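S.K.: So I've got this file, upload_7.cif, and it contains mmCIF, C-alpha atoms:
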```cif
data_model
#
loop_
_atom_site.group_PDB
_atom_site.id
_atom_site.type_symbol
_atom_site.label_atom_id
_atom_site.label_comp_id
_atom_site.auth_asym_id
_atom_site.auth_seq_id
_atom_site.Cartn_x
_atom_site.Cartn_y
_atom_site.Cartn_z
ATOM 1 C CA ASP S 984 95.751 139.096 82.972
ATOM 2 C CA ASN S 985 93.839 135.832 83.686
ATOM 3 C CA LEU S 986 94.331 136.364 87.450
ATOM 4 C CA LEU S 987 93.195 139.922 88.287
ATOM 5 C CA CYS S 988 89.554 140.008 87.189
ATOM 6 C CA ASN S 989 86.035 139.367 88.440
ATOM 7 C CA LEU S 990 86.138 135.965 86.722
ATOM 8 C CA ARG S 991 88.908 134.785 89.060
ATOM 9 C CA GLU S 992 86.930 135.878 92.130
ATOM 10 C CA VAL S 993 83.825 134.074 90.860
ATOM 11 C CA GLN S 994 85.892 130.940 90.188
ATOM 12 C CA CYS S 995 87.265 131.072 93.738
ATOM 13 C CA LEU S 996 83.771 131.437 95.218
ATOM 14 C CA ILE S 997 82.445 128.546 93.130
ATOM 15 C CA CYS S 998 85.464 126.446 94.116
ATOM 16 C CA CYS S 999 84.713 127.156 97.788
ATOM 17 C CA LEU S 1000 81.093 126.063 97.349
ATOM 18 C CA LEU S 1001 82.080 122.928 95.412
ATOM 19 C CA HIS S 1002 84.609 122.122 98.143
ATOM 20 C CA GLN S 1003 81.728 122.260 100.629
ATOM 21 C CA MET S 1004 79.464 120.044 98.498
ATOM 22 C CA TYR S 1005 82.193 117.454 97.884
ATOM 23 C CA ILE S 1006 82.917 117.342 101.622
ATOM 24 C CA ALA S 1007 79.193 116.900 102.313
ATOM 25 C CA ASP S 1008 78.920 114.043 99.787
ATOM 26 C CA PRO S 1009 81.957 112.682 97.901
ATOM 27 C CA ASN S 1010 79.551 110.656 95.742
ATOM 28 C CA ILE S 1011 78.576 113.969 94.138
ATOM 29 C CA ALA S 1012 82.230 114.499 93.189
ATOM 30 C CA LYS S 1013 82.350 110.971 91.764
ATOM 31 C CA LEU S 1014 79.159 111.530 89.754
ATOM 32 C CA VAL S 1015 80.394 114.897 88.467
ATOM 33 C CA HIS S 1016 83.665 113.397 87.274
ATOM 34 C CA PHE S 1017 81.901 110.442 85.669
ATOM 35 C CA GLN S 1018 79.763 113.005 83.857
ATOM 36 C CA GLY S 1019 82.896 115.021 83.162
ATOM 37 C CA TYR S 1020 83.263 118.696 82.386
ATOM 38 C CA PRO S 1021 85.412 120.714 79.947
ATOM 39 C CA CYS S 1022 89.113 120.032 80.478
ATOM 40 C CA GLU S 1023 89.874 123.773 80.510
ATOM 41 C CA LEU S 1024 88.541 123.844 84.083
ATOM 42 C CA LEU S 1025 90.712 120.935 85.254
ATOM 43 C CA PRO S 1026 93.703 122.971 86.590
ATOM 44 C CA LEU S 1027 91.209 125.420 88.098
ATOM 45 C CA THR S 1028 89.228 122.770 89.968
ATOM 46 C CA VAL S 1029 92.307 120.787 90.993
ATOM 47 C CA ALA S 1030 94.053 123.848 92.441
ATOM 48 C CA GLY S 1031 90.986 125.531 93.943
ATOM 49 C CA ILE S 1032 89.224 122.550 95.536
ATOM 50 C CA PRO S 1033 91.121 120.705 98.295
ATOM 51 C CA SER S 1034 88.534 117.891 98.189
ATOM 52 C CA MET S 1035 89.930 116.547 94.896
ATOM 53 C CA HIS S 1036 92.516 114.285 96.537
ATOM 54 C CA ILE S 1037 89.600 111.842 96.910
ATOM 55 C CA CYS S 1038 89.375 111.728 93.093
ATOM 56 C CA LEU S 1039 92.352 109.338 93.088
ATOM 57 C CA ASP S 1040 90.066 106.738 94.676
ATOM 58 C CA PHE S 1041 87.599 106.437 91.794
ATOM 59 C CA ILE S 1042 89.990 107.245 88.921
ATOM 60 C CA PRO S 1043 90.846 103.506 88.483
ATOM 61 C CA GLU S 1044 87.105 102.832 88.223
ATOM 62 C CA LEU S 1045 86.630 105.732 85.789
ATOM 63 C CA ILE S 1046 89.503 104.440 83.635
ATOM 64 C CA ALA S 1047 87.758 101.053 83.391
ATOM 65 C CA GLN S 1048 84.694 102.583 81.711
ATOM 66 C CA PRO S 1049 83.993 101.593 78.084
ATOM 67 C CA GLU S 1050 83.399 105.189 76.969
ATOM 68 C CA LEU S 1051 86.495 106.726 75.400
ATOM 69 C CA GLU S 1052 85.579 110.205 76.662
ATOM 70 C CA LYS S 1053 85.458 109.018 80.274
ATOM 71 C CA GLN S 1054 88.925 107.480 79.953
ATOM 72 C CA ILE S 1055 90.273 110.677 78.352
ATOM 73 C CA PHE S 1056 88.838 112.728 81.212
ATOM 74 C CA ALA S 1057 90.277 110.299 83.768
ATOM 75 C CA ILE S 1058 93.740 110.619 82.206
ATOM 76 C CA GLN S 1059 93.637 114.435 82.164
ATOM 77 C CA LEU S 1060 92.237 114.627 85.710
ATOM 78 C CA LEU S 1061 94.941 112.265 86.951
ATOM 79 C CA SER S 1062 97.615 114.383 85.255
ATOM 80 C CA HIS S 1063 96.427 117.554 86.986
ATOM 81 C CA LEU S 1064 96.095 115.771 90.346
ATOM 82 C CA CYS S 1065 99.607 114.330 89.998
ATOM 83 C CA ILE S 1066 100.852 117.867 89.380
ATOM 84 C CA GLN S 1067 99.065 118.920 92.570
ATOM 85 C CA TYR S 1068 99.403 115.927 94.930
ATOM 86 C CA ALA S 1069 102.630 114.033 94.205
ATOM 87 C CA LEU S 1070 102.074 111.017 96.456
ATOM 88 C CA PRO S 1071 102.885 107.285 96.167
ATOM 89 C CA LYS S 1072 99.197 106.532 95.573
ATOM 90 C CA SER S 1073 99.258 109.147 92.804
ATOM 91 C CA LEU S 1074 102.312 107.411 91.326
ATOM 92 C CA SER S 1075 100.572 104.022 91.418
ATOM 93 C CA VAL S 1076 97.499 105.422 89.663
ATOM 94 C CA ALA S 1077 99.767 107.122 87.099
ATOM 95 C CA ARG S 1078 101.463 103.777 86.440
ATOM 96 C CA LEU S 1079 98.014 102.246 85.951
ATOM 97 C CA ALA S 1080 97.142 105.054 83.521
ATOM 98 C CA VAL S 1081 100.299 104.518 81.456
ATOM 99 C CA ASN S 1082 99.634 100.765 81.396
ATOM 100 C CA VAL S 1083 96.058 101.378 80.225
ATOM 101 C CA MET S 1084 97.319 103.734 77.500
ATOM 102 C CA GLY S 1085 99.775 101.099 76.298
ATOM 103 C CA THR S 1086 97.086 98.422 76.434
ATOM 104 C CA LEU S 1087 94.483 100.247 74.385
ATOM 105 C CA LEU S 1088 97.095 101.519 71.930
ATOM 106 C CA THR S 1089 96.711 97.992 70.525
ATOM 107 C CA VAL S 1090 92.930 97.893 70.986
ATOM 108 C CA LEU S 1091 91.805 101.146 69.388
ATOM 109 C CA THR S 1092 91.473 101.537 65.645
ATOM 110 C CA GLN S 1093 93.092 104.414 63.763
ATOM 111 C CA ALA S 1094 90.206 106.849 64.260
ATOM 112 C CA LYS S 1095 89.877 105.835 67.907
ATOM 113 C CA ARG S 1096 93.666 106.109 68.305
ATOM 114 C CA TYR S 1097 93.566 109.693 67.034
ATOM 115 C CA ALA S 1098 90.574 110.595 69.209
ATOM 116 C CA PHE S 1099 92.092 109.099 72.361
ATOM 117 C CA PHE S 1100 95.687 110.228 71.991
ATOM 118 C CA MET S 1101 95.276 113.821 70.815
ATOM 119 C CA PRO S 1102 93.834 115.072 74.185
ATOM 120 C CA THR S 1103 95.729 112.670 76.453
ATOM 121 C CA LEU S 1104 99.260 113.073 75.056
ATOM 122 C CA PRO S 1105 99.953 116.474 76.762
ATOM 123 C CA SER S 1106 98.931 114.747 80.004
ATOM 124 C CA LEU S 1107 102.019 112.531 79.671
ATOM 125 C CA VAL S 1108 104.164 115.639 80.178
ATOM 126 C CA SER S 1109 102.569 116.094 83.606
ATOM 127 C CA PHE S 1110 103.331 112.505 84.655
ATOM 128 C CA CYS S 1111 106.959 113.049 83.643
ATOM 129 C CA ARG S 1112 107.068 116.314 85.607
ATOM 130 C CA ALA S 1113 105.622 114.685 88.723
ATOM 131 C CA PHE S 1114 107.298 111.255 88.513
ATOM 132 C CA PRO S 1115 110.788 110.927 86.987
ATOM 133 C CA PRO S 1116 110.596 107.117 87.616
ATOM 134 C CA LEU S 1117 107.991 107.066 84.821
ATOM 135 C CA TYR S 1118 110.558 108.328 82.270
ATOM 136 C CA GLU S 1119 111.328 104.828 80.977
ATOM 137 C CA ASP S 1120 107.698 103.720 80.636
ATOM 138 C CA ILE S 1121 106.482 107.018 79.173
ATOM 139 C CA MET S 1122 109.300 107.237 76.615
ATOM 140 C CA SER S 1123 108.784 103.584 75.657
ATOM 141 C CA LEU S 1124 105.056 104.220 75.224
ATOM 142 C CA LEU S 1125 105.791 107.352 73.189
ATOM 143 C CA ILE S 1126 108.153 105.378 70.950
ATOM 144 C CA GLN S 1127 105.466 102.729 70.433
ATOM 145 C CA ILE S 1128 102.798 105.339 69.602
ATOM 146 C CA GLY S 1129 105.156 107.169 67.256
ATOM 147 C CA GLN S 1130 106.090 103.984 65.413
ATOM 148 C CA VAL S 1131 102.426 102.959 65.078
ATOM 149 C CA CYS S 1132 101.515 106.401 63.767
ATOM 150 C CA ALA S 1133 104.468 106.454 61.356
ATOM 151 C CA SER S 1134 103.238 103.124 59.983
ATOM 152 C CA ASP S 1135 99.756 104.588 59.590
ATOM 153 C CA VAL S 1136 101.245 107.603 57.798
ATOM 154 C CA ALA S 1137 103.091 105.272 55.421
ATOM 155 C CA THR S 1138 99.826 103.402 54.735
ATOM 156 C CA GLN S 1139 98.360 106.207 52.591
ATOM 157 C CA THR S 1140 99.554 109.113 50.492
ATOM 158 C CA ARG S 1141 99.876 112.294 52.532
ATOM 159 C CA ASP S 1142 99.979 116.011 51.830
ATOM 160 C CA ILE S 1143 102.900 116.470 54.263
ATOM 161 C CA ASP S 1144 104.627 113.042 54.613
ATOM 162 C CA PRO S 1145 106.497 113.514 57.936
ATOM 163 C CA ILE S 1146 108.488 110.303 57.271
ATOM 164 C CA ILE S 1147 110.773 112.089 54.800
ATOM 165 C CA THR S 1148 111.237 115.208 56.938
ATOM 166 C CA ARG S 1149 112.996 113.099 59.593
ATOM 167 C CA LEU S 1150 115.384 115.823 60.759
ATOM 168 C CA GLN S 1151 113.273 118.884 61.567
ATOM 169 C CA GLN S 1152 114.337 121.390 64.192
ATOM 170 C CA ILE S 1153 111.973 122.580 66.927
ATOM 171 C CA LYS S 1154 109.020 123.592 64.734
ATOM 172 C CA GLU S 1155 107.337 126.090 67.033
ATOM 173 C CA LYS S 1156 103.888 127.409 66.145
ATOM 174 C CA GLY S 1177 95.237 123.536 59.554
ATOM 175 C CA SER S 1178 92.820 120.935 58.173
ATOM 176 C CA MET S 1179 95.443 118.212 57.890
ATOM 177 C CA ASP S 1180 95.299 114.432 57.949
ATOM 178 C CA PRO S 1181 94.645 112.901 61.390
ATOM 179 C CA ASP S 1182 97.762 110.729 61.161
ATOM 180 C CA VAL S 1183 100.241 113.515 60.392
ATOM 181 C CA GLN S 1184 98.550 115.593 63.107
ATOM 182 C CA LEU S 1185 99.028 112.786 65.623
ATOM 183 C CA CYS S 1186 102.662 112.379 64.535
ATOM 184 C CA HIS S 1187 103.256 116.096 65.085
ATOM 185 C CA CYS S 1188 101.512 115.856 68.461
ATOM 186 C CA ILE S 1189 103.833 113.000 69.492
ATOM 187 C CA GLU S 1190 106.841 115.070 68.424
ATOM 188 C CA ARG S 1191 105.570 118.108 70.332
ATOM 189 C CA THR S 1192 104.872 116.216 73.563
ATOM 190 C CA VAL S 1193 108.325 114.596 73.394
ATOM 191 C CA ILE S 1194 109.802 118.084 72.925
ATOM 192 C CA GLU S 1195 107.861 119.352 75.953
ATOM 193 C CA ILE S 1196 109.043 116.392 78.048
ATOM 194 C CA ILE S 1197 112.671 117.019 77.057
ATOM 195 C CA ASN S 1198 112.533 120.802 77.573
ATOM 196 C CA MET S 1199 110.999 120.387 81.033
ATOM 197 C CA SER S 1200 113.779 117.962 81.958
ATOM 198 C CA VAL S 1201 116.478 120.299 80.572
ATOM 199 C CA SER S 1202 115.078 123.735 81.573
ATOM 200 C CA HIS Z 483 125.596 111.640 111.976
ATOM 201 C CA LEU Z 484 126.691 109.283 114.759
ATOM 202 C CA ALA Z 485 126.498 112.135 117.281
ATOM 203 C CA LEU Z 486 122.947 112.866 116.106
ATOM 204 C CA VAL Z 487 122.052 109.175 116.496
ATOM 205 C CA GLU Z 488 123.443 109.037 120.037
ATOM 206 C CA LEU Z 489 121.810 112.336 121.002
ATOM 207 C CA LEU Z 490 118.393 111.192 119.788
ATOM 208 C CA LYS Z 491 118.899 107.934 121.704
ATOM 209 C CA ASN Z 492 119.658 110.077 124.760
ATOM 210 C CA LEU Z 493 116.564 112.155 123.910
ATOM 211 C CA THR Z 494 114.206 109.187 123.877
ATOM 212 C CA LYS Z 495 116.005 107.750 126.930
ATOM 213 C CA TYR Z 496 116.162 110.910 129.100
ATOM 214 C CA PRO Z 497 113.486 113.638 128.762
ATOM 215 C CA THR Z 498 115.251 115.855 131.347
ATOM 216 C CA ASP Z 499 118.266 115.875 128.951
ATOM 217 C CA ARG Z 500 116.218 117.506 126.138
ATOM 218 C CA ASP Z 501 117.152 121.069 127.197
ATOM 219 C CA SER Z 502 120.929 120.531 127.239
ATOM 220 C CA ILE Z 503 120.822 118.486 124.006
ATOM 221 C CA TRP Z 504 118.834 121.153 122.209
ATOM 222 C CA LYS Z 505 121.383 123.754 123.335
ATOM 223 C CA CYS Z 506 124.160 121.244 122.464
ATOM 224 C CA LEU Z 507 122.956 120.851 118.880
ATOM 225 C CA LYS Z 508 122.437 124.612 118.659
ATOM 226 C CA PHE Z 509 126.164 125.016 119.315
ATOM 227 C CA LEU Z 510 127.139 121.980 117.224
ATOM 228 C CA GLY Z 511 125.616 123.280 113.986
ATOM 229 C CA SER Z 512 126.839 126.874 114.380
ATOM 230 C CA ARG Z 513 130.399 125.470 114.344
ATOM 231 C CA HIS Z 514 130.039 122.786 111.643
ATOM 232 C CA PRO Z 515 127.698 124.125 108.850
ATOM 233 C CA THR Z 516 129.731 122.494 106.064
ATOM 234 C CA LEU Z 517 129.502 119.013 107.591
ATOM 235 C CA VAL Z 518 125.740 119.322 108.166
ATOM 236 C CA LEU Z 519 124.994 120.337 104.548
ATOM 237 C CA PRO Z 520 125.215 116.798 103.049
ATOM 238 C CA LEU Z 521 123.476 115.410 106.164
ATOM 239 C CA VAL Z 522 120.572 117.902 105.766
ATOM 240 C CA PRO Z 523 118.617 115.837 103.160
ATOM 241 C CA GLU Z 524 119.844 112.757 105.035
ATOM 242 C CA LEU Z 525 117.952 114.045 108.102
ATOM 243 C CA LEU Z 526 114.950 115.988 106.768
ATOM 244 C CA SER Z 527 113.789 112.807 104.943
ATOM 245 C CA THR Z 528 113.076 114.947 101.873
ATOM 246 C CA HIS Z 529 112.038 112.536 99.156
ATOM 247 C CA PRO Z 530 113.244 113.695 95.701
ATOM 248 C CA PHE Z 531 109.900 113.461 93.864
ATOM 249 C CA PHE Z 532 107.240 113.090 96.588
ATOM 250 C CA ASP Z 533 105.708 115.511 99.064
ATOM 251 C CA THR Z 534 106.525 113.839 102.364
ATOM 252 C CA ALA Z 535 104.234 113.688 105.388
ATOM 253 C CA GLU Z 536 104.516 116.602 107.807
ATOM 254 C CA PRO Z 537 106.457 115.336 110.864
ATOM 255 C CA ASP Z 538 105.091 115.707 114.389
ATOM 256 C CA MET Z 539 105.967 119.252 115.501
ATOM 257 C CA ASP Z 540 105.951 118.057 119.152
ATOM 258 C CA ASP Z 541 108.563 115.293 118.604
ATOM 259 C CA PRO Z 542 111.689 116.480 120.526
ATOM 260 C CA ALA Z 543 114.119 114.511 118.310
ATOM 261 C CA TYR Z 544 112.743 116.187 115.187
ATOM 262 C CA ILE Z 545 112.751 119.612 116.879
ATOM 263 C CA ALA Z 546 116.430 119.107 117.714
ATOM 264 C CA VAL Z 547 117.163 118.103 114.132
ATOM 265 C CA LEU Z 548 115.664 121.432 113.047
ATOM 266 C CA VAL Z 549 117.597 123.367 115.714
ATOM 267 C CA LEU Z 550 120.850 121.831 114.434
ATOM 268 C CA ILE Z 551 119.971 122.408 110.758
ATOM 269 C CA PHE Z 552 118.946 126.031 111.431
ATOM 270 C CA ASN Z 553 122.044 126.911 113.411
ATOM 271 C CA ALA Z 554 124.071 125.455 110.538
ATOM 272 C CA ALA Z 555 121.938 127.373 107.986
ATOM 273 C CA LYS Z 556 122.988 130.689 109.606
ATOM 274 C CA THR Z 557 126.417 130.420 107.934
ATOM 275 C CA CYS Z 558 125.375 128.477 104.818
ATOM 276 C CA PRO Z 559 123.316 130.065 101.970
ATOM 277 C CA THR Z 560 122.939 126.616 100.367
ATOM 278 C CA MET Z 561 120.913 125.289 103.333
ATOM 279 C CA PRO Z 562 117.785 127.525 102.768
ATOM 280 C CA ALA Z 563 117.486 125.925 99.308
ATOM 281 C CA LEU Z 564 117.162 122.307 100.490
ATOM 282 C CA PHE Z 565 114.312 123.148 102.918
ATOM 283 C CA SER Z 566 110.930 121.602 102.215
ATOM 284 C CA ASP Z 567 107.654 123.550 102.478
ATOM 285 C CA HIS Z 568 106.844 122.267 105.960
ATOM 286 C CA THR Z 569 110.489 122.917 106.894
ATOM 287 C CA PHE Z 570 109.900 126.630 106.123
ATOM 288 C CA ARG Z 571 106.612 126.522 108.061
ATOM 289 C CA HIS Z 572 108.258 124.845 111.064
ATOM 290 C CA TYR Z 573 111.154 127.330 110.901
ATOM 291 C CA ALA Z 574 108.795 130.316 111.100
ATOM 292 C CA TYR Z 575 107.312 128.852 114.310
ATOM 293 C CA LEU Z 576 110.490 127.895 116.197
ATOM 294 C CA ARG Z 577 112.053 131.265 115.418
ATOM 295 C CA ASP Z 578 109.209 132.895 117.350
ATOM 296 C CA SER Z 579 108.803 130.220 120.052
ATOM 297 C CA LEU Z 580 112.497 129.300 120.564
ATOM 298 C CA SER Z 581 114.440 132.373 119.391
ATOM 299 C CA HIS Z 582 117.207 131.545 121.890
ATOM 300 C CA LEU Z 583 117.873 128.232 120.110
ATOM 301 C CA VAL Z 584 116.811 129.030 116.531
ATOM 302 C CA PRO Z 585 118.683 131.887 114.815
ATOM 303 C CA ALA Z 586 117.302 134.433 112.383
ATOM 304 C CA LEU Z 587 117.814 133.292 108.811
ATOM 305 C CA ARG Z 588 117.951 134.985 105.424
ATOM 306 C CA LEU Z 589 115.164 133.168 103.582
ATOM 307 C CA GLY M 472 70.519 71.816 80.979
ATOM 308 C CA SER M 473 73.635 73.424 79.475
ATOM 309 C CA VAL M 474 72.146 74.427 76.099
ATOM 310 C CA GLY M 475 70.629 77.637 77.472
ATOM 311 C CA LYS M 476 74.004 79.476 77.378
ATOM 312 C CA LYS M 477 73.327 80.877 80.868
ATOM 313 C CA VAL M 478 76.704 82.616 81.087
ATOM 314 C CA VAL M 479 78.110 86.118 80.597
ATOM 315 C CA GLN M 480 80.774 86.875 77.993
ATOM 316 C CA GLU M 481 84.128 88.062 79.366
ATOM 317 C CA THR M 482 83.430 91.781 78.914
ATOM 318 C CA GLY M 483 86.953 92.916 79.671
ATOM 319 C CA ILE M 484 90.215 94.099 78.166
ATOM 320 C CA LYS M 485 93.077 92.338 79.957
ATOM 321 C CA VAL M 486 95.443 95.219 80.694
ATOM 322 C CA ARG M 487 99.114 94.399 80.146
ATOM 323 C CA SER M 488 101.846 95.544 82.510
ATOM 324 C CA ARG M 489 104.126 96.685 79.667
ATOM 325 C CA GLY M 526 93.927 91.512 87.089
ATOM 326 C CA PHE M 527 92.632 94.938 86.109
ATOM 327 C CA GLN M 528 90.559 95.078 82.938
ATOM 328 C CA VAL M 529 88.544 97.625 80.963
ATOM 329 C CA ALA M 530 84.858 96.736 80.830
ATOM 330 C CA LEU M 531 82.662 96.604 77.727
#
```
Would you write the structure of this file as structure tokens?

M.R.:
Amino acid sequence: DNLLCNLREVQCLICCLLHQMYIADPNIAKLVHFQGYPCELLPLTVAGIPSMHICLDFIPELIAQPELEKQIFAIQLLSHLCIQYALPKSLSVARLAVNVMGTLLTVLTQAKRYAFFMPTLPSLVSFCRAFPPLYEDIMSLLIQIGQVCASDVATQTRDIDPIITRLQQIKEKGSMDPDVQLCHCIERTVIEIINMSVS
Amino acid sequence: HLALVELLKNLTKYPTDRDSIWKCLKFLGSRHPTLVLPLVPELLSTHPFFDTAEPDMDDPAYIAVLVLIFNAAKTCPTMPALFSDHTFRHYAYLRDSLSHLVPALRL
Amino acid sequence: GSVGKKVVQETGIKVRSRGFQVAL
């Protein structure tokens, strides 16, 4: 069910308490999000805790951190917040996030590129859903990432070689290469962006 | 649109005219639903991709814009669609508080 | 007096538009 169970009630109670604690001290919310938590709880916390609109204040600071995991968490948190609170400040922070993604696309190595872009690419669907003005920047960034990853695929011999496929239909759903996996992830997030904007 | 502009000018200019201008717009929308339908997002300030701020529920000009848009909505299925969330909330209130100006709708 | 290298390296990643920087 995922909605009609004791787990949902417990999540609501915990969200109420966390709402109270964040109201009492927003610095606790900032510290918790700098620590991070599993991203499976992100829609839960964003929907169930009204205090999270303050998270847009320290997301630009969290993005600036040198840890890759903190930046990944900032991107995912911003995506969920943008889904919840579609505001001009949210749009500005989303623009900053896309700019940061484009910037460190040319800073991260191949392993770092895989590690950063596998969790944060589905978040780009949320920015497109919330902000149609980001269509140009997000599609341009996706084209850049796809071209970089296609180059990386061409660098070495591959078990799949997605370069020569080139014409696949919607391949709806293993221990594969990171580069072909990232290529497939780019294709899938582009498909999700298109389907949302056409259905 | 020009009538709305002049009526809101005469709303901010003459408070004692509020009653007759509310009633006026109640009758104006009931007659012209088709002409109000393009002007509905022109007046509600519904941004396409942003949740807009909730307008002051005590502002007489705004309350008269809702009266007009709700009397027009009575004849126009397509008007309930373009309502924002706060528009539905505000509707539920002025139907109870001002049932003689606001008509029952089919939301 | 300048040989001590009493300065801090520019620990930043100048973020391109298409000011703000990512610390190191």

S.K.: Please identify every residue of chain S that has at least one atom no more than 10 Å from any atom of chain Z, counting all atoms listed in the file, and report them as a list in words.

M.R.: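 Listed by rising number, the hits are residues 1067, 1068, 1069, 1070, 1071, 1073, 1074, 1112, 1113, 1114, 1115 and 1116 of chain S.
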
S.K.: Once the PyMOL selection byres ((chain S and resi 1099) around 12) has been evaluated on this model, what residues remain selected, and can you format them as a ChimeraX atom specification?

M.R.: /S:1050-1059,1083-1085,1087-1088,1090-1098,1100-1106,1128,1181,1185

S.K.: Could you list, as JSON, numbers by chain, every residue matched by the PyMOL selection byres ((chain S) within 8 of (chain M)) in this structure?

M.R.: {"S": [1046, 1047, 1048, 1049, 1082, 1083, 1085, 1086, 1120]}

S.K.: Excluding same-chain residues fewer than 3 positions from residue 1195 (chain S), what lies within 12 Å of it counting only C-alpha atoms, as a list in words?

M.R.: residues 1104, 1105, 1106, 1107, 1108, 1109, 1110, 1111, 1112, 1153, 1155, 1188, 1189, 1190, 1191, 1192, 1198, 1199, 1200, 1201 and 1202 of chain S

S.K.: Figure out the distance between CA of residue 1061 (chain S) and CA of residue 1043 (chain S), please, to one decimal in Å.

M.R.: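 Going from CA of residue 1043 (chain S) over to CA of residue 1061 (chain S) covers 9.8 Å.
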
S.K.: Where does the PyMOL selection byres ((chain S and resi 1013-1025) around 8) land in this file, that is, which residues does it pick, as a list in words?

M.R.: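 Residues picked by the PyMOL selection byres ((chain S and resi 1013-1025) around 8): residues 1009, 1010, 1011, 1012, 1026, 1027, 1028, 1029, 1038, 1041, 1045, 1053, 1056, 1059, 1060 and 1063 of chain S.
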
S.K.: Counting all atoms listed in the file, what is within 9 Å of residue 539 (chain Z), bar same-chain residues fewer than 5 positions away, as a PyMOL selection string?

M.R.: chain Z and resi 544-545+572

S.K.: Between CA of residue 1076 (chain S) and CA of residue 1193 (chain S), what is the distance, to one decimal in Å?

M.R.: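 A separation of 21.6 Å between them.
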